[PDB]
4 protein chains.
Amino acid sequence: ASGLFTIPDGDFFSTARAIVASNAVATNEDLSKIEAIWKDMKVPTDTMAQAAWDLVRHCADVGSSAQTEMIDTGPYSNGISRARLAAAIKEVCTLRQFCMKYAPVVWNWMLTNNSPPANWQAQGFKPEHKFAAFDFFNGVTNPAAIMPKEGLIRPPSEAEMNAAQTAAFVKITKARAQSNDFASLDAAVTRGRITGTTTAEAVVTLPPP
Amino acid sequence: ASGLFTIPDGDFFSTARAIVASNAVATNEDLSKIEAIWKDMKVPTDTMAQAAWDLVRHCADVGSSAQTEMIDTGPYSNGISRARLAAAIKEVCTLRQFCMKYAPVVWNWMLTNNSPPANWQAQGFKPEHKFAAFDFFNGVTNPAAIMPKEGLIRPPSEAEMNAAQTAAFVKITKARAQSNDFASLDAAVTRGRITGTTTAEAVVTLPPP
Amino acid sequence: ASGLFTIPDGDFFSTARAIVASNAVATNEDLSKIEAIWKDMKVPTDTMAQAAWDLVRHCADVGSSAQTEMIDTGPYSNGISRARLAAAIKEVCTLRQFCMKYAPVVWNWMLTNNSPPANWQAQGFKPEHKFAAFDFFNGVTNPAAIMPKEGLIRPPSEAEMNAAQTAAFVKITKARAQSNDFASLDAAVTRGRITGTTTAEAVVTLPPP
Amino acid sequence: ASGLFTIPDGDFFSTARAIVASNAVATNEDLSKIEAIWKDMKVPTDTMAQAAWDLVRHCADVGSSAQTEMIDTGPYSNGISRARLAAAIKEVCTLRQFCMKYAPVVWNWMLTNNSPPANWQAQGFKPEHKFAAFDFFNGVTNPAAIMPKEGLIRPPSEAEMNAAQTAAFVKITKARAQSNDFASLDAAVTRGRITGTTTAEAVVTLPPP
């Protein structure tokens, strides 16, 4: 048995370590392209990582959607605003994929300072689940993401994971209900409609048990 | 591991404090532009904050919609009416974003005086939930908003947060049902219709469990 | 045997004294943050402890819930009301955690004056168990709490501990039955329901032996 | 009779000593990985064991759950907090498995100082059984755990073992009743429910004899 029919024997399992890569997280080729754009717009390379952690922490208070307006300037750039840092990222990967890379860093930072995501109440989270009230919360246990050196202070509880999956259903289905099913945006197909659906037909509910 | 691949070590989590910024709350650049317009229409800078807290407290009795008619004059301007203060705000940010900034102040003020939002019964709130009967109630636990020095008297209960989310569904869906799906307001698309929908097709219900 | 495999020998057990810390009791970092807020709202530092003991004694007559309305002003502040002292505490820790810290003080104070918790009859306590009729009664034998210098007058009896555990079951389960199981407070999930449960399905009973 | 059919003769029973290993206790490979992380965050190797015994003694006052907040700093680190020591452990094994390794050390330490677990009354223990009122009490007679040089002062009595098994039933069943049976946390399965169960259906009782 050779070629693709080779049977592994036990030397492979004890020695080989798979480097984990994920397509929901910004790749190593993605991150090298961010650095080349960021250093060309004069982000200091001595605080390049802290400018990323500050941007993703701000992206836990607001969304990580491509339409999200970043607000202010962090303290680790040379006055480069967070909107300009995020616009450079969206040329390479999505903002959500970049933020998934730093999700354990932001999770530890929020749990150290006891500072939840800012709009947890507007998102409909209960106060006992408010630390899961950011998108890209799925990346906190993804091994392709940046894990801090001493690990997570606290893993996410099962109730926090439950609340995040429910909120992910509500936010994504509401965003799809404001979109359409039109396969083309030409007026021959859309007939000048945004959703192609009335207000009552677009109401999202999670059906009861 | 350097650049964007730097692993945080624990010095960062104990020292760095993220200044919270939210795009649902009026920004610091927004508020500086309000002050320049307000002092130019001769609002006293010694009571500039109290004129804002009086306006947002009045915006808890009426809405914080852009179409809302402000009624009277507070005691902290130099006779500048609340409609003129709100019209200056709507040149910079939304009125709702300004009111979200002062939501914990208005929440403490209403709980101190035992004075709920004025139209809580018309909004359909039960009497045990009537203190949540304002829009921008989501901002009372947002850390980007102005928190008073000694904190909230009482946090919002879970039942108050439940009632506010339900009322937010009813008021927003009713407002969308009076709007249309028309992608253009030209008569070639609207065909001279306001909603493009009959009265029976526009009825909003929250489907039962 | 060294490192984490070191065997203790008897010098450690006779010399080392563990400083007891509990996460159900307000911590030393919690209490230092209370003092900084209390002295800034001008609580006299000469009676800072007596203002705390007066507040926790009042919190044995009413609850130590975050929703509890504190009523009056004690004699050891400079006229700072108990609601303002409790609102400053709830910015740092819970009110129940603060009251657990002073549970042996309040237990000795009530047994000296023969003055039980005020609403013991409304709580359903028998008269022979009425001195256990406060929440945070679990903290009276917690060594992380403030113990008075000469000790407790009387330890809690086994029947008092039995009555307190039963009352803790009844009060917590009734409070959960007024809450819901909804994982999100958005109207897509709650469907405009407070509990998601009828009145008959929410009745709490402790099943008989 | 040879191979796997060999009959033992008596030389094996008098000479061979089985090194006891348990999968409920932190392994020797687990503990070597703790030391490498602890010395890299600059725990002194001269008091590496005393920093572990201090952490597990604190974990007898609070839980050894993965969600447990460690409170303070012991005297045997170089100011490394117990939350950072526990977060390093949870990267390798569970906190409960680490604490099971040092259960006879903490048992002797508590019996020497006459200092029971701090929240024994809140756990519902009778005062005559309060020294068994910690989780990982099962590890005090496990031979895979660290036994001190001169042995236990007192073995656990049968009544203490009875009380610990009953408390283990109550605490684990209550924690399962706050969990769910949902096989997936996606909203298609959970339907936005935390437990999928009402408050009355989640009440835990140990049925009477």
# chains A, B, ... in the order shown; residues from 1 in each chain; ligands from 1

call {"tool": "closest_atom_pairs", "arguments": {"of": "chain D", "to": "chain A", "cutoff": "9 Å", "atoms": "only C-alpha atoms", "output": "Markdown table"}}
result
| residue | atom | partner | partner_atom | distance |
| --- | --- | --- | --- | --- |
| D:37 | CA | A:150 | CA | 7.2 |
| D:38 | CA | A:150 | CA | 8.7 |
| D:41 | CA | A:150 | CA | 7.9 |
| D:66 | CA | A:154 | CA | 6.6 |
| D:67 | CA | A:154 | CA | 5.8 |
| D:68 | CA | A:154 | CA | 7.8 |
| D:69 | CA | A:154 | CA | 8.1 |
| D:83 | CA | A:153 | CA | 6.9 |
| D:84 | CA | A:153 | CA | 7.0 |
| D:85 | CA | A:150 | CA | 8.4 |
| D:86 | CA | A:153 | CA | 7.8 |
| D:87 | CA | A:153 | CA | 5.0 |
| D:88 | CA | A:150 | CA | 5.1 |
| D:89 | CA | A:151 | CA | 8.8 |
| D:90 | CA | A:151 | CA | 7.7 |
| D:91 | CA | A:151 | CA | 6.1 |
| D:178 | CA | A:159 | CA | 8.7 |
| D:179 | CA | A:159 | CA | 7.4 |
| D:185 | CA | A:162 | CA | 5.5 |
| D:186 | CA | A:165 | CA | 5.7 |
| D:187 | CA | A:166 | CA | 5.3 |
| D:188 | CA | A:206 | CA | 8.2 |
| D:189 | CA | A:209 | CA | 8.9 |
| D:190 | CA | A:162 | CA | 8.0 |
| D:191 | CA | A:206 | CA | 6.0 |
| D:192 | CA | A:166 | CA | 5.4 |
| D:193 | CA | A:162 | CA | 8.0 |
| D:194 | CA | A:159 | CA | 6.4 |
| D:195 | CA | A:159 | CA | 8.8 |
| D:196 | CA | A:209 | CA | 7.7 |

call {"tool": "residues_around", "arguments": {"residues": "residue 62 (chain A)", "least_positions_apart": "5", "cutoff": "9 Å", "atoms": "only C-alpha atoms", "output": "list in words"}}
result
residues 68, 69, 70, 117, 118, 119 and 134 of chain A; 21, 22, 23 and 24 of chain B

call {"tool": "closest_residue", "arguments": {"among": "B:183, B:60, B:55, B:100", "to": "residue 132 (chain B)", "atoms": "only C-alpha atoms"}}
result
B:60
